[PDB]
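Form solved without ligand THM, single chain, as structure tokens, below.
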């Protein structure tokens, strides 16, 4: 009897969300569908050009932890906010979802991270992230008892951008593995993979990471190829389990030579793709820690992702457990 099914570790971020036209992205040199890092000056500039917005707690791993709790699993989260209103919002939303969260702010500056996310008519999301307080996350923030007591510890590739977060992750990998737990990561973003390609491959090949999440674009970026079949063959050789998502084409779960293909769920409309990969990881990891088959893990991932893309905001506002029951998955 362990205390947590899934610990996640990521950049703690509040999202600021608006719709825009395609030309807005071009005019402002925003890379479509990507996570674009920005400084404080650029943050104020972009905000001045953004329309009326909505705020919602975000952060890739934060969303994943919230998803696992929503499904009925037991989640914990490490991430660093500031002692400010955005940080209070972030802390409230994750704890109110039933995620064990106790990372203490270090002060009011830098302020809590925020990401201006522009959603185009096709439902694609383009994020512009000022990391703020996330740069302070370090080994001091590792609750060792929580890592030791979690079936899986999952983290963002995005943590390679701030300076010291990787040290916390290496500590987590050591503690998790010494206690017989598993480590998992998401490749996060194809440009993130481009920045840290060798480091990410080393995480997998050295066995610090057991389960890897990627979408098509991230897998292609990892091996610097446009051949998807090649990318799947390569990723399967580099990690114990890979879960690769393909948007409207569903997902494929790889284990050695084993491949499990899962369909995307039928949807009403792609309102906003923000959170899709995060919630895929929620469903997958919930299923995994409940002892379900790899195929069923994929099915739970696709359900949760399919739900989140039909709403504005990155964390489902409806019950995923109720959805899973209805879909005959639980």
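Positions refer to the first chain, counted from 1.
A second form of this protein, the form deposited with ligand THM bound, is not displayed here; the remarks below concern that form.
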| query | finding |
| --- | --- |
| Three-residue site 245, 264 and 309 fully in contact with ligand THM in the deposited bound form at 4.5 Å by heavy atom | yes |
| Ligand THM contact in the deposited bound form: residue 110, any heavy atom under 4.5 Å | yes |
| Partner proximity in the deposited bound form: residue 305 to ligand THM, non-hydrogen atom cutoff 4.5 Å | yes |
| 4.5 angstroms heavy atom contact with ligand THM in the deposited bound form for residue 277 | yes |
| Contact flag, residue 106 vs ligand THM in the deposited bound form, heavy atom cut 4.5 Å | yes |
| Position in contact with ligand THM when the complex is considered in the deposited bound form, options 141, 136, 149, 210, heavy atoms within 4.5 Å | 136 |
